[PDB]
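Every read-out reported here was derived from the displayed coordinates using simple, explicitly stated rules and does not represent laboratory data. When we count neighbours, we look across all protein chains shown, and the Cβ atoms used for this are built from the backbone with ideal geometry, even at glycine.
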């Protein structure tokens, strides 16, 4: 037999995010709506940033405001909230100092301390249940070196 | 770098199931077979039901009779048994009263007492060892409000 | 709501391993490294073997020599040592007699006495600290009936 | 049968924490709230630090301020307090001298005397009961050598 | 090193149970069976109830009738008997008056006198030895304020 | 509140060991080392055997030769010596007659006279102090009816 | 409605590879690049070989040397390393004996023990970061019977 396995990779020499255990971030996450409290469960994962130069600050921002949208009704939207390193991310660029990230906390140089990434969504109107259906959205997290 | 994390969610304003610790139910379970006793281990998890209205009864049923089937032989089947709240579930719809579920037992309104969910399988013929191989199946648990 | 829980199972009519309390073996284990003594902590669990026929001997072997490898450097390796029933396992097949396992020690037929399984790792060079990073590996324990 | 047990380990040649009995620290802890005194129970464990070089000081800090957050409401928070070696830990780095830790108190070189680790939480407003629900959080304890 | 310790807590502002020495109740108990008398040993622990309001009665009940079940045979069952405060608990709700509990017997307000909790099991048929194997079950004790 | 207490039990209809006061045997024991005499303290407990049939002999043996091993060095071992009923136990099976055990010495039928169980360890080389550290081991006592 | 689902299959009566859980191998894999260590993450999957005749040896080779190439610059290349069964694969043909594969380890005849497949890539010049961009490549694994 012949088995053609396609191998693909994306390379950025400067920066990237990886999980605290040394694995790539998940490509998809699942949220749960609970009717009693009218809110969605948050997704939390501990991430470490790998950098080529540890002396420069890190700028984190979102490419666009993420929104959960119904697969059958593009009109219905629900905002998505993303926070990294304990601060809420948005289109405006946040800045993290190199000393705050704690590079080389372990024996590996260029790897910072674990930073928590939180993904969550809320109804667009407070105290109102969202319309039934399946929702989907994309969070475009952009990280660049100072 | 840019990391496109896809966020998806399914919303039902009326009812749903969550674990007793406030987490979504597992998407996959594993059963073990012991050759000496010719039986499979059961999977048990404690679940709590969240409802928009606590005064209505709850109807629980299975969409279809689940069966473990060999991944390499669709002919070989093994029945799966599912029980929730201490009663055996089937295609015929069971009914649970609102008072039996014990809503608002804790300080959170609309959340009932913990109900145990049991997943298990048995050989289709009693006292006969199943054929060797890998088996798989899907349990489609359907819960609706009265 | 509909919740599609996938149920999967692997069946071998002859033999398998289970924990002494009647649970499946863990799918993952964690080792701890202490800088002071340059050695890793061992993982120990008490297991019982279930057999269809108690009169036959048991052959235990490893599919391949396990090694801890760095997730970021496939070149760096650390050997893993596995021992079951008080004897060191390897690629060469060990043999355990049916009388040594003590079948039906309790009231259940076909279940032997508790056998200890030990998982441990050591640096590839004695007296040298391993390179910092996260390591991973797989132990493929193979058990077959005589 | 074949049983694929995944073995993973994290190695830091310089420093780490272990329990006083020579076991890894627990990955999860449980706190208890008492309605009568409006306070949470503290978690206490005796830990020993293992070092490659016993002549250097030890710096202990938290990667971020831990907070207990409701699994269903990311808005509700409760601060977590962590203290090690009798001093309260925070984002600002504490320093412990090598003589204060008492290295080689027993016959093992590079192992210090037992240091107590305390994990506790309190309501964000004094004298006010927290909202009912399930809370979760992560404490990221960072220890590095001087 | 970085050590991510997960901290979790469950909060009910009204009521809860704690041990007489101020510790959380055990999450697991062990029963012993003696062949000579055909009965199981009882588990006894002294508990104190903490309440936000000491003037209201206390309702105690079980979410479902607990049963010991064989880990390898879901058909085999053994009933579990639970009694708190000297009275047998069941699905029907018991009621304890605020004066009978003796609140503030010591210097701490809102804490009652010690109440004994008894967990025990018996064979489903009197005078018959249970089938050999390992048994497990869950007791869901529900306590609410009047 | 809801408190999920897990109840588990192991049943053997034929035989078992219990303490002379009617309690289960301890799951863990502690040994002390005195530098002055290069020996370990022995652990002694008085046990009574409960049997379904008092006319049959009792066979007592160890599943494997117990050894104290260093938690940080699996190479270092220390033998453990176990004796029950005044005779040294080993892998080879001992036999105790029904008349020697003195069944029904008290008013309870099927319960024998008190038999002493001794657990002790010694250095693997006589007159040599063991290496410093923490040691652990498991004694697998197997008792079966004739 | 009419839904035209195209069904296609490739048949080789002699040999093929499947995952250890009985699924086809993935058609695409993703590699992660970390700037700090200047290396790519490896892809590891456990595979089992199915054969028509278990007495013949197995020859494994690559059709051509795989290389990661930039989608926008065909000049930029990065070598891909593939290893199966613990040995590095190349254009020269490796040979695996029928006894080393351990056929019929489980109850299914003609299925061998689990063999690990590793896919990884490295920069063409050691210690040099690859040029930024998206890379792609194909691994043509050829397996034939002796």
Taking a ≥ b ≥ c as the square roots of the eigenvalues of the Cα gyration tensor, with a/c under 1.5 meaning rounded and otherwise prolate when a/b exceeds b/c and oblate if not, the stretch C:97-146 is prolate
Give me the inter-chain shielding for F:88-101: mean count of other chain Cβ atoms within 10 Å, whole number please.
0
Mean ellipticity per residue at 222 nm, deg cm²/dmol - from DSSP H runs of n ≥ 4 across chain D, formula -39500 (n - 2.57):
-500 deg cm²/dmol
Based on the mean of other Cβ atoms within 10 Å per residue, sort peptides A:57-70, F:96-109 so the most packed one is first.
A:57-70, F:96-109
How far apart, in nm, are the 7 Å Cα→Cβ label points at residue E:108 and residue G:27?
6.4 nm
Quick one: what does P(r) look like for chain A with 10 Å bins over all Cα pairs, in whole %?
10, 34, 29, 18, 8, 1
Alpha carbons only, please: Rg and Dmax for the stretch A:53-118, in angstrom.
16.1, 51
Put a dot 7 Å past each Cα toward the Cβ at residue B:92 and residue D:20; how far apart are the dots in nm?
6.2 nm
Residue F:99/residue E:99 FRET efficiency (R0 56 Å; Cβ-Cβ; nearest 0.05)
0.40
Report the equivalent ellipsoid semi-axes for the protein assembly as shown in whole Å, largest first, defined as the square roots of five times the eigenvalues of the gyration tensor built from alpha carbon atoms.
44, 39, 34
Given all pairs of distinct Cα atoms, the stretch F:18-91 yields a Kirkwood Rh in Å of 15.2 Å
